[PDB]
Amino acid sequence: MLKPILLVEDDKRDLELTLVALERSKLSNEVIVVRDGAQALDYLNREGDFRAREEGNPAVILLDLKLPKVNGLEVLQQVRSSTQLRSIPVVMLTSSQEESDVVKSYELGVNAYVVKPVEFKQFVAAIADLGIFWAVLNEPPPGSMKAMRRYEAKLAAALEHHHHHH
């Protein structure tokens, strides 16, 4: 029932901050992390590594502009040009308020902005800015928890350090 959140972010230090903000916020849609724009487009179009996934758009895309191989703006344009994808809400993760302002000038109907580094308060404020629907839960869905934990571990192994213990 709950659709995933697609987090598109290469820089592993930034990924850490964004996932921690997500964990802290208790936002419970399953996170799916891809690390460049080619992988994001594969996820969204169900190709590549994602060829076998269930049909359906993510609830939200958290889209870093800084992506190797295929830039974040190319992902955003292909999303908004697609009749299938164009309805997906997007939070752009930018480097400065000036960058957010420039992106607004492209008129790609970006729904919200977070200026990096991502912190919990600004992050939740961006999600609130989307003006989409939401619901409270007593229990997180177990697949969501498993996914966050799995990424925390992969990211820890890759960065060769951890910040907390569960």
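All residue numbers are counted from 1 along the displayed sequence.
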- [ ] Could you check which stretch, 137 to 145 or 124 to 132, carries the larger mean CA temperature factor in the entry?
- [x] 137 to 145
Task: Stretch with the higher entry mean CA B-factor, where the candidates are 17 to 25 and 151 to 159 - done: 151 to 159
Task: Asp64, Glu55, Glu30, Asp42, ranked by C-alpha B-factor: the highest one - done: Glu55
Task: For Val102, the third of its chain into which the C-alpha B factor falls - done: middle
TODO: Sort the modelled residues of this chain by their C-alpha B factor and say whether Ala59 lands in the lowest, middle or highest third.
DONE: lowest
Open item on the list: Which third, lowest, middle or highest, does the C-alpha temperature factor of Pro68 belong to within its own chain?
Closed with: middle
TODO: Compare the C-alpha B factor of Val34 with those of the other modelled residues in its chain, then answer lowest, middle or highest third.
DONE: lowest
